[PDB]
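Report on the structure
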Amino acid sequence: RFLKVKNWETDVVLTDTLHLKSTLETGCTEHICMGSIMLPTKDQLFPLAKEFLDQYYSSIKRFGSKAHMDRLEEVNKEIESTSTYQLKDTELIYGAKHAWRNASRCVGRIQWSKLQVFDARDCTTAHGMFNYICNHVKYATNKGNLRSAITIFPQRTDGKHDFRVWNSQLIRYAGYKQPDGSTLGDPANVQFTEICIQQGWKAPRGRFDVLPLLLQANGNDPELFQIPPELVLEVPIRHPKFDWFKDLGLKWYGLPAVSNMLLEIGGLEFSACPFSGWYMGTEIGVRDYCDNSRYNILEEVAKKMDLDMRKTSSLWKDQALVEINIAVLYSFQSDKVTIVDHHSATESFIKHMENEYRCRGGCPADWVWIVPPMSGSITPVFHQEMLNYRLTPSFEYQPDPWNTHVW
Amino acid sequence: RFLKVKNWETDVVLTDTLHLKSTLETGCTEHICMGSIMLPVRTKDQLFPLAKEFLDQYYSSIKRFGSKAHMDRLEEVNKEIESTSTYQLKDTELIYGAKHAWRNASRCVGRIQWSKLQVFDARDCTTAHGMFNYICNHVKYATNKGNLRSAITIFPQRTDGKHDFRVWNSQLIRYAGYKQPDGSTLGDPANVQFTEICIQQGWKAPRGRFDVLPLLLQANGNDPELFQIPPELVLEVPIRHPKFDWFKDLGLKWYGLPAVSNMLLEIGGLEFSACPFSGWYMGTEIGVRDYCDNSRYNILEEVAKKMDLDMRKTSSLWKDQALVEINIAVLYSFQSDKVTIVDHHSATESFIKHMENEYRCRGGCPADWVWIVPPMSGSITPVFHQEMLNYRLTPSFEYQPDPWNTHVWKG
Ligand code: HEM
Ligand code: HEM
Ligand SMILES: CN(C)CCc1cccc(OCc2ccc3ccc(N)nc3c2)c1
Ligand SMILES: CN(C)CCc1cccc(OCc2ccc3ccc(N)nc3c2)c1
Ligand SMILES: C[C@H](O)[C@H](O)[C@H]1CNc2nc(N)[nH]c(=O)c2N1
Ligand SMILES: C[C@H](O)[C@H](O)[C@H]1CNc2nc(N)[nH]c(=O)c2N1
Ligand SMILES: [Zn+2]
């Protein structure tokens, strides 16, 4: 019942008690581990609200106070009355920061308490949503000095009036299937790019076209909007060694802003909650540039380096992969856009992990996602045993809207 | 109950029915996942069902399930259990069990080779000296002048737990590690504790950076004895880099035979506590873990210096760059000397095919993603985007405690 975790690089052992407060389920059993699987009413709601309020008033040293009891009573009434309820501003802020704190797959959680929450719960329209988002993008970008942010649109009611951002990120490049049979732009965004056109987007069929926003308000039909270009900060990619690098014509955007997840606080469901931080270098360099199902430029880069691509054992893919990533980090830092390298990030996470064990009795962590997609064993998280479990408040996946939308 | 896994690079979906034959536990619950935890005397009362489960599998695989040969064997073993409180496997059974324990090793990326395992039956061995002789024959055969073959040597099963055969070494071939009074370590830090024991047990340590540890072998529960593997039997490869002439001057070499000897082989409830087995190295085992881990030879720095890398900011990725060159060197040195080795791209590639085939013909393939994915270049290998199901099948390779912690010393 009281679990321990060893770091096999440092012999350090932490003890985990926090997992005892786990509510949701993991996918695994005593018979089968699913750790590597990508995606594993009035009576329902009150205990959920109660759990949240209990941990909320506990965090502000007012557990069992009149304020506490009052609030429990107030929400109880509202639930019994309205079959839902509304979070105080303070609770909303707390829940959001804690949903990030509890994200077991996020290596960047040391920053968790420094989260800016924009309350867009008074939003009614897709134009409204667009305004709130533009403000989010401008705030978080900050001329390259990135600040973490979340913007929270109204909570789901009866699933009929859902707010949704259809884009997977606020800022992503377009993806077009070609007559050549290949794929122009971003392969991950092909199907989306179609629905954009299906709702009327005038695609400038290019390779690095910033997608339009496709916003759905109150369960209505989604609408298109173009993010003002001067709010979309981009970084031209150049190698601090290879002058020929720039000739590959690569850029990436500075703001990673995930906009397709569902934020759960005290049983309430926020289906539109776009949030942002800054990149870890490998996210663009390894996954965005080199993945087979993405911009897959490895061959080209290795070719220009004239590596021996005849045999896998020359490790030419490896050699290039590093250069590419060195450049990503190089450009971003040159242009003074915030970015973190996998070395610094993972180091910061081990620290945070120790802090959380010390100040909270645990830290749920998904090793499969915390270990960066390159140089794994030369970062400190590789030899860190981790425990994975689900705390609430939380960020959850949710179905792609087109599959769900009552049109 | 069916389970589907998906590959997110290729959208290939596979269905696992084999996990239904899972016996042992994973360490996980519905409330917690321990998939990244390193490590998550048996009565007749429980032995026969284990024997039966095993014998059933075995007779299915030879297509004689429910045959008379099958039933008499079940009767033979039953009778021998209540009679003798244990039982002996036929050779046919031992070979099968061993191949299958490998085949079930959910952490092993080299399993495509599982059926070509050479099994040496050392169950007639009675003494440490005998153990040495068997081991030498293993090393010689497995090595085969650089053309490595898979092998496992199997010593007598455990009985009352008081007469165990053990190989105290973690691997048959390994370099000594010596702690110095200034706190620094000469040799392989992973082996410091074990080196001390050897020295204590009488070993005369040359005290260099690459001393081949002596074998420390326990028979029938007796105190272990030292033996030196004949050097002519220990194949080694000097590490040089194909472009970098200064690399050879780093003074590095490694052995060619990865031969793990501290595990436990479980077949049909029988426990084989000394079962050294061997394959060949995937390059990153030496290149990434054995050299570049902070708790090992830790040559990243020196290689980086000699490359003239900006080691001032980690944002320079000097660690990454040097790590790759070192791995390039390891593969180069090995292939130059015609000593069998595999790179992580080829190995992970082969695994995916093995896996897909295992799903078709066996209805599943237990796989531990945390261990299958290589310690560098993870996402540019096909296994990274591969979803996997982890579960334990028997026969299996299990961990056991270090014998120096459990051994009752005779004197
Ligand atoms: C500020 C610096 C941040 C960094 C460096 C960072 C880094 C990362 C990385 C590397 C991943 C793995 C994704 C991949 O490998 O491509 C991840 C996942 C995740 N991040 Fe963080 N993040 C940051 C901020 C945030 C913020 C502000 C939030 C929300 C408030 C957040 C919530 C999450 C969640 C929920 C996941 C898991 C996504 C999933 O399950 O698919 N992160 N993050
Ligand atoms: C023949 C070529 C082989 C290759 C390339 C190979 C590769 C590997 C690698 C890279 C690992 C992970 C070790 C690490 O990450 O440091 C591993 C684990 C393992 N291998 Fe294989 N192996 C081979 C042969 C064998 C053989 C012959 C057996 C047994 C008969 C075997 C049984 C195992 C087991 C049980 C593990 C997991 C050990 C543990 O749980 O700690 N392997 N293998
Ligand atoms: C839904 N699946 C098809 C895709 C899931 C997936 C795949 C690859 C990376 C993912 O990361 C999501 C994610 C979420 C939040 C982030 C916050 C900051 C940051 N730098 N990256 C972040 C990345 C998710
Ligand atoms: C007990 N833990 C502290 C360490 C166990 C461990 C750690 C790292 C690698 C390990 O490798 C096991 C192992 C077993 C069999 C192998 C067969 C062939 C091969 N190339 N590597 C093989 C590797 C074991
Ligand atoms: C903490 C973690 O379980 C441990 O360090 C594991 C991680 N993954 C690994 N993966 C491989 N292939 N080999 C290892 O030794 C380890 N070590
Ligand atoms: C199959 C596997 O679950 C999937 O490819 C995961 C593996 N680990 C990952 N880890 C991170 N950080 N991001 C990812 O997208 C993935 N993908
Ligand atoms: Zn699990």
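A chain's residues are numbered here from 1, following its sequence as written, a convention that may not match the entry; residues for which no coordinates exist are omitted. Going through the entries in the order they are written, you letter the chains from A and number the ligands from 1. Hydrogen atoms and water are omitted, and side-chain values are computed over all heavy atoms in the structure.

By the method listed in its record, X-ray crystallography, this PDB entry was determined to a resolution of 1.981 Å.

Turning our eyes to something else, we now look at the overall build of chain B. Put simply, DSSP H or I for four residues or longer makes a helix, DSSP E for two residues or longer makes a strand, and each gets a number counted from the N terminus. Along chain B, the regular secondary structure elements total eleven helices and 16 strands. The globule rule is 2.2 Å times the number of residues to the power 0.38, and the radius of gyration it is compared with is taken over C-alpha atoms. Against the 2.2 N^0.38 benchmark of 22 Å for 411 residues, chain B shows a C-alpha radius of gyration of 23 Å, consistent with a compact globule. Projected onto its principal axes, the C-alpha coordinates of chain B cover approximately 70 × 60 × 45 Å. Under the scheme applied here, a residue whose accessible area is under 20% of the maximum for its type counts as buried, over 50% as exposed, and between as partly exposed, the area being computed with a 1.4 Å probe on protein chains only. Each of the 411 residues in chain B was classed as buried or not, and the buried ones make up 54%. Here chain B has roughly 17800 Å² of accessible surface; of this, 51% comes from carbon and sulfur atoms. Charge assignment: positive for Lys and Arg, negative for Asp and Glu; neither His nor the chain ends contribute. Charge positions are represented by NZ for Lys, CZ for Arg, CG for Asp and CD for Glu. Distance between charge centres in chain B, computed from 47 positive and 49 negative side chains, equals 3 Å. Working definition of accessibility: Shrake-Rupley area with a 1.4 Å probe, residue cover restricted to the visible protein chains.

Turning our attention to the coordination of the iron atom of ligand 1. Within the protein, just one atom coordinates the iron atom of ligand 1: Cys106(A) (SG), at a distance of 2.3 Å. Assignment of secondary structure puts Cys106(A) in the loop between α3 (89-101) and β3 (116-119). Donor atoms: N, O and S within 2.8 Å of the metal, or within 3.2 Å for Na, K and Ca. Because water is excluded, sites can look incomplete.

Attention shifts here to the side chain of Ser150(B). On the secondary structure map, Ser150(B) appears in the loop between α4 (128-143) and β4 (151-154). In this description, contact between two residues means that some pair of their heavy atoms is separated by no more than 4.5 Å. Aside from chain neighbours lying at most four places away, what touches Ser150(B) is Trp102(B), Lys116(B), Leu117(B), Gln118(B), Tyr141(B), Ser278(B) and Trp280(B).

Residue and element names in this part refer to chain A. Ordered in space as β14-β13-β18, the three strands form an open sheet in which the pairing is antiparallel. Sheet topology places β14 (268-270) and β18 (394-396) at the edges, where each strand pairs with a single neighbour. The sheet shows a mean angle of 30 degrees between the axes of neighbouring strands, taken without regard to direction. As a rule, the C-alpha atoms of each element are fitted with a line to give its axis, helices using only the stretch in contact, and angles between N-to-C directions run from 0 to 180 degrees. Strands in contact with α3 are β13 (262-265), β14 and β18; relative to β13, the strand with the most contacts, it is inclined by about 120 degrees. For two strands to be treated as a pair, DSSP must find no fewer than two bridges joining them.

This brings us to a negative patch on the surface. A contiguous patch of negative charge on the surface is contributed by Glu25(A), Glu30(A), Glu25(B) and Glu30(B). Looking at the element boundaries, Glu30(A) is found in the loop between β2 (13-16) and α1 (42-59). Within the patch definition used here, like charges are joined within 9 Å and nonpolar side chains (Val, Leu, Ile, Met, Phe, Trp, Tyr) within 5 Å, considering only residues with over 30% relative accessible area and no salt bridge. Salt bridges are defined as contacts in which a side-chain nitrogen from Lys or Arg sits within 4 Å of a carboxyl oxygen from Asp or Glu.

All right, on to the pattern of salt bridges then. Within the structure shown, the criterion is met by 49 salt bridges over all chains. With its nearest N and O atoms 3.3 Å apart, the salt bridge here joins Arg294(A) to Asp186(A). Within this pair, whereas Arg294(A) is found in the loop between α6 (281-290) and α7 (298-304), its partner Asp186(A) is found in the loop between β7 (183-185) and α5 (190-198), the two being separated by 108 residues in sequence. With a relative accessible area of 14%, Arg294(A) lands in the buried category. Judged by relative accessible area, which is 1%, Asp186(A) ranks as buried. A single network of salt bridges, built from pairs that share partners, joins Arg42(B), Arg158(B), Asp164(B), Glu266(B) and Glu271(B).

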